[PDB]
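Colleague: model the following, please.
(chains A, B, C, D and E, ligands or ions: 3)
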Amino acid sequence: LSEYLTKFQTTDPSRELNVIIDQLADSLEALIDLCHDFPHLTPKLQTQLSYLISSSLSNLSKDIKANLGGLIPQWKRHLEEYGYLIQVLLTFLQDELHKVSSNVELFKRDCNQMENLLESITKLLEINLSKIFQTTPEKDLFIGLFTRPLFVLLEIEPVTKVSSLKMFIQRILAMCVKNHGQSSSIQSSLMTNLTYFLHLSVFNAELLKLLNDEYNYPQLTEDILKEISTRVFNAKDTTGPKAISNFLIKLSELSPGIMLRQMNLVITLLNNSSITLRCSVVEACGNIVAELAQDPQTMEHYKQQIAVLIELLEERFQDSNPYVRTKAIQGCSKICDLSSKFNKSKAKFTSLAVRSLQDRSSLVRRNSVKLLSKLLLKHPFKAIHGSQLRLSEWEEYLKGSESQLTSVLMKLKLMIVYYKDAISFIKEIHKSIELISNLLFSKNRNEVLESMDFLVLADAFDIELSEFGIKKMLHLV
Amino acid sequence: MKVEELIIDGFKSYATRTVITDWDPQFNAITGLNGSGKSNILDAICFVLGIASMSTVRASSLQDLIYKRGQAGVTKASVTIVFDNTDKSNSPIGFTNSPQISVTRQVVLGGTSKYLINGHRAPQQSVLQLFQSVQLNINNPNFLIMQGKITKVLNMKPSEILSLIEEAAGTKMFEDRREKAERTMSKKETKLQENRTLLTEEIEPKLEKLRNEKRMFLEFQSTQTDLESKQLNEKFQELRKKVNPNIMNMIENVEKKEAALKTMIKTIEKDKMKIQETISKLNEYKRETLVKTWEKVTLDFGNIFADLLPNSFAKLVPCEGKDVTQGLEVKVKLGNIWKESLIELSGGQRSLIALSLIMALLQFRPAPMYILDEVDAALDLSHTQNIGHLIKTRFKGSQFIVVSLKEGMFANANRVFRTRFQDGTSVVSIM
Amino acid sequence: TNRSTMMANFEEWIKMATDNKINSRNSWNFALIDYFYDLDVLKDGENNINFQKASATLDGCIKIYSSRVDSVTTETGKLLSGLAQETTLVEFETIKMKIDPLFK
DNA sequence: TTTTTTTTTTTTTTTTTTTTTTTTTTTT
DNA sequence: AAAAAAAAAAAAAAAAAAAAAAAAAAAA
Ligand SMILES: Nc1ncnc2c1ncn2[C@@H]1O[C@H](COP(=O)(O)OP(=O)(O)O)[C@@H](O)[C@H]1O
Ligand code: BEF
Ligand SMILES: [Mg+2]
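Modeller: Numbering: from 1, shown residues only, chains lettered A, B, ... in the order given. Ligands and ions are numbered 1, 2, ... in the order given. Next up is the structure itself:
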């Protein structure tokens, strides 16, 4: 076995193929010799050989399932040569598959025999396989024989693109991490793929989501998050940071709750100078809060975590670069687009937007004005007493309430607090409208268009100073 | 190239968008009063080609090329030129499949020299190689004569005459590009040496460290299979410090990537050697190519000057003791006696010599266009008429854009553009 | 029929080099340096060197060389990244920014 | 209609090329 | 004594490359 792996790593057939078919339905060496010459042997017989080996492997898996002292060593040995042979098949198929798409009919043929071998390998892996390999090193080597070719194949981009093969590989890895106790090896392989490639972050995120949701196993993703937090990067490549950022964004958008557990340590990544990493962290926090605000049980469980993530979201508005501020503005926009609680956070967002309208970054200005527009569109002060706000009318109502002022006491207190909050919001909106009318004369076409849209929305939601901006817009001719 | 239309907007006198078309690809002449804008049209044509010397076309900086500095309302100055790629022989190497090529240069108070090719933003370099590939190298022109510089042609240094000769047969566009390639390769070798230094300095000790970590695992594996007693368990617990259970896959990946890096480095060195050898053989060839070009241009120059003036001759010779590659000078013979110094020649004679040299260069390899500004300033009426007739009849080949104030050349001009300063700006009309 | 394929590959590679579409990813796919070494491609019908084609080949070779150097550099960066295993906040004061139509 | 890919266009940072003086020099 | 070429270095300005956002065409 070990000598066979050492040799393999260091390094008219049709007549014998029919003989092997009949025997299966020193012959062992003949099959290996036949399988060793795939690059030269015709593509016709390869399909039949792959189908035959898949059928034999499925039959043996069914026999093992039916059975479960017994003939344990014999079955273990037979599975060992079958695993070696399927590894040889996988290596020879990824050979020239790396060559193609680097023609297309051969690509379809190779992919089809690949899904056949994937069903065969899933049928193999579905069994417990624990008692037959008593020693952990033997099990580790046997399953590495299966997994390493899978990662070498995932190195190829179309393999990751094709959904059937992607799903089969994800299922294989999920079953492994769930039952064979190889979380460390799988995590190391995934981290190597992430640090060496850019097209596997989405694959890793989807695999982690599948493992979590359909196996109740968050340990692998928690360990991956801890390792990502503790890693350090060099300035020259930035490809590792970019892949990590993409993986974090995808994981946040898919499954936020599980990653919330390790986000406390993940936050430490913000101290790095990586623009991509900082943007990914802030966008991940925003996605987590946005997709966790839906579940009242989730708020009741993670009030403190959601509060600290939101607080970091407001605090990250101050940075030298504009990109993290822009990502924080999108996070705030998602939060305010959510129809939920945290009117205090909404008021803080309003204050931050009106304060940051004067940023030197045109992108940040555009995003702040868009945030203010969405705030105007979905302000909480519209459930009762209409949806139109006016300074004089609100002041008159506040004065009337003050003049009129247990149950009645608390009702008046709540009404006064609501009116004061509305007055503050309207004053902030008036200041924002004045600043946006001043800023409208800007070079950026997108900025001008979005400021015009904000002014139109403000005029529609009748405001005393809105006509001012309207005149400014008339002046844009 | 056979330019067919020219668009000038906000450039010097032409403040309004003036589009001039119907360019006859045989002989185009521009006429008008003093200050009408003919030289302004030539300056606009020079602008789009990518001229760098600002003092050349009557200017000091990029701002004064706009109608009235940054003032008077006009803020941007754009010049657009459109050629014809019907003939693929005289076509850009990189744009043979794209007919009707267009080049636009725009200058703004804020921006600087924005270039568009076929509507797509392109760098200044891109248009530089685009125009150099069609012999329109305006930085060292071989077809461009400004106003008042016709009599100074014989006053240029022998190095500039050598550059003029090298502009033909593709000898130019090669010295500067080899120099730039050498600079780029020298700069890249610094980075290559840096990567090699990090490869041989830090990565290798890590290689021995991971090899030492590899042995530890081979033993620890046996220890585990026995454990699967108390002293062995204690030893196993104590040895769980540098076990690195996933050392095999990581070390295999590192070795594979290092092998790939070494192969790429070796192939890079091989490519460098091949490029150097190719450059050596190429310049060894261009030496003899320059020899042939010089001989042919000298013969054509002599023939043209003999034809223009019946009792004169001219030739191009190397220096007194230096070879051809050092420089080239002009020798003139009148009657049966050679002239030791060219400073005693007449202004008309100097203009005729310059025209004969330009026509010899055209006869060797005709440039796509030839632009002349006040070429007949020091020529009499008879010589002006003879030059115009010879351009119309015998030379042909290329497209001529000549600014003339005398009837001699534009009387028989195939196409005539007349300029008037009408109202604040300049307008161009047919005939 | 190798001549036609070589000419087609040469034309497409020169077009790509002119278009500035050569980068680190496609560096080890289009090797026109070999065609530069064999100068038969950049020759006319009279065994003469076409210097416009020579300049195009030199430009392509230099661009591919630079792209390959960048690829080697980023691979080395990846190797050190895989083998290697504050106060970014700034006060907001520095973030301040600090009649034409009718007049025109 | 929804999503992935192309590509084009927005700054920001760094790179390349210009033009300034500053001396240095030799033949008449 | 006296007139004009010429090598040399730093400051300013044009310009290219990196990186992300917006817009149009294409496949499921
Ligand atoms: N930057 C500029 N802004 C405004 N006017 C200009 C500028 N440069 C040149 N002009 C005007 O354009 C005219 C150019 O005349 P020109 O074309 O040289 O006449 P000709 O073609 O007869 O030689 C000049 O009279 C000058 O006053
Ligand atoms: F100086 Be003369 F009129 F050629
Ligand atoms: Mg003039």
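Colleague: now residue 431, nearest residue through space, not along the chain?
Modeller: By default, I'm working from chain A. Spatial nearest neighbour of residue A:431, excluding adjacent residues (Cβ to Cβ, 6 or more residues apart in numbering or on different chains): residue A:354 at 5.6 Å. C-beta coordinates here come from the backbone N, C-alpha and C atoms, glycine included.
Colleague: that was the other one, I meant chain B.
Modeller: Distances taken as Cβ to Cβ, 6+ apart place residue B:416 nearest to residue B:431, at 5.2 Å, with adjacent residues excluded.
Colleague: residues in contact with the one you found?
Modeller: Residues near residue B:416 by Cβ atoms under 8 Å, 6 or more residues apart in numbering or on different chains: B:28-31, B:410, B:430-431.
Colleague: list the neighbouring strands of the helix or strand encompassing it plus their orientation.
Modeller: Secondary structure from DSSP states H and E places residue B:416 in strand B:415-421. When sheet partners are counted by DSSP bridges, strand B:415-421 sits next to strand B:27-32 (parallel), strand B:426-430 (antiparallel).
Colleague: would you list the contacts of residue B:416 in JSON lines and tack on neighbour count?
Modeller: Output for the contacts of residue B:416, formatted as JSON lines (neighbours: other Cβ atoms under 10 Å in any protein chain shown):
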{"residue": "B:28", "neighbour count": "21"}
{"residue": "B:29", "neighbour count": "24"}
{"residue": "B:30", "neighbour count": "26"}
{"residue": "B:31", "neighbour count": "20"}
{"residue": "B:410", "neighbour count": "24"}
{"residue": "B:430", "neighbour count": "10"}
{"residue": "B:431", "neighbour count": "8"}
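Colleague: now, the most widely separated pair of these?
Modeller: B:410 and B:430 (12.9 Å; Cβ to Cβ).
Colleague: tell me the residues of chain C that contact DNA strand E?
Modeller: C:20, C:70 (Cβ under 7 Å from any atom of the strand).
Colleague: which bits of the stretch 251-400 of chain A sit near DNA strand D?
Modeller: A:322, A:360-363.
Colleague: where is the longest helix in the chain?
Modeller: Here I'm looking at chain A. Among the segments of chain A that qualify as a helix by DSSP state H, the longest is helix A:407-439.
Colleague: actually chain C
Modeller: Chain C, longest helix under DSSP H: helix C:51-83.
Colleague: chain center to it: distance?
Modeller: 7 Å (Cα atoms, centre = their mean, to the nearest Å).
Colleague: now do the residue nearest to residue A:431 against ligand 3, distance only.
Modeller: In this view, residue A:354 and ligand 3 are 59 Å apart by Cβ to the ion, to the nearest Å.
Colleague: is it true that that residue lies in a strand?
Modeller: No - assignment of residue A:354 by DSSP: H, G, I helix; E, B strand; the rest coil gives helix, placing it outside any strand.
Colleague: from memory it sits against residue A:430, does it?
Modeller: No - the pair residue A:354 / residue A:430 is not scored as a contact, 9.7 Å apart, by Cβ atoms under 8 Å.
Colleague: number of nearby residues for the closest residue to ligand 2 within the stretch 51-200 of chain B?
Modeller: Taking Cβ to the nearest ligand atom as the measure, the stretch 51-200 of chain B has residue B:151 as its residue closest to ligand 2, at 9.1 Å. Neighbours of residue B:151 under the rule other Cβ atoms under 10 Å in any protein chain shown: 18.
Colleague: need the contact list for it.
Modeller: Contacts of residue B:151 (Cβ under 8 Å, 6+ apart): B:347, B:350-351, B:354, B:377-378.
Colleague: ramachandran coordinates for residue B:361?
Modeller: The phi/psi pair for residue B:361 (degrees, to the nearest 10) reads phi -60, psi -40.
Colleague: ok, it touching residue B:169?
Modeller: No - contact criterion Cβ under 8 Å: residue B:361 and residue B:169 do not qualify, at 10.3 Å.
Colleague: counting neighbours, go ahead and name the busier of these two.
Modeller: residue B:361 (24 against 21).
Colleague: OK, contacts around that one?
Modeller: B:142-143, B:164, B:167-168, B:297, B:300, B:367.
Colleague: picking up where we left off before, just want to know which of residue A:354 and residue A:430 has more residues nearby.
Modeller: residue A:354 (21 against 18).
Colleague: can you pull the residues of chain B lying near chain A?
Modeller: B:221, B:224-225, B:228, B:245-246, B:249-250, B:253, B:257 (Cβ under 8 Å from any Cβ of the partner chain).
Colleague: let's see which of those residues end up in helices.
Modeller: Using DSSP H, these in helices are B:221, B:224-225, B:249-250, B:253, B:257.
Colleague: pick the one among those residues closest to residue B:107.
Modeller: residue B:257 (48.9 Å).
Colleague: and the closest one, how many residues sit next to it?
Modeller: Neighbour tally, residue B:257, other Cβ under 10 Å: 17.
Colleague: give the closest residue to it in space, chain neighbours not counted.
Modeller: residue C:79 is the one closest to residue B:257 (Cβ to Cβ, 6+ apart), at 5.9 Å.
Colleague: checking the residue of chain C found nearest DNA strand D next. Helix, strand or coil?
Modeller: Across chain C, the shortest distance to DNA strand D (Cβ to the nearest atom of the strand) belongs to residue C:21, at 8.2 Å. Of the three states, residue C:21 takes coil according to three-state DSSP.
Colleague: one step back: spit out the contact partners of the residue nearest to residue A:431.
Modeller: Neighbours of residue A:354 in contact, by Cβ under 8 Å, 6+ apart: A:372, A:428, A:431-432, A:435.
Colleague: repeat that for residue A:149.
Modeller: Applying Cβ under 8 Å, 6+ apart, the residues contacting residue A:149 are A:87, A:90-91, A:94.
Colleague: pull the distance from the helix or strand where it lies to the chain's centre.
Modeller: Element membership of residue A:149, judged by DSSP H and E, is helix A:136-154. Chain-centre distance of helix A:136-154: 25 Å, with Cα atoms, centre = their mean.
Colleague: now that helix: buried residues?
Modeller: Residues of helix A:136-154 classed as buried: A:139-151, A:153-154 (neighbour count, 16 or more other Cβ atoms under 10 Å in any protein chain shown).
Colleague: ligand 2 next: which of the residues you listed are close?
Modeller: Among these, no residue is within reach of ligand 2 (Cβ under 6 Å from any ligand atom).
Colleague: filter the residues you listed by proximity to DNA strand D?
Modeller: Of these, not one also sits near DNA strand D (Cβ under 7 Å from any atom of the strand).
Colleague: all helices of the stretch 101-250 of chain A, in order?
Modeller: A:104-125, A:136-154, A:157-161, A:163-175, A:183-196, A:201-215, A:219-230, A:239-254 (DSSP state H, counting those that start in this stretch).
Colleague: what residues are up against the closest residue to residue A:285 other than its chain neighbours?
Modeller: Once flanking residues are discounted, residue A:285 sits nearest to residue A:309: 4.6 Å by Cβ to Cβ, 6+ apart. Taking Cβ under 8 Å, 6+ apart, we find residue A:309 in contact with A:260, A:263, A:285, A:288-289.
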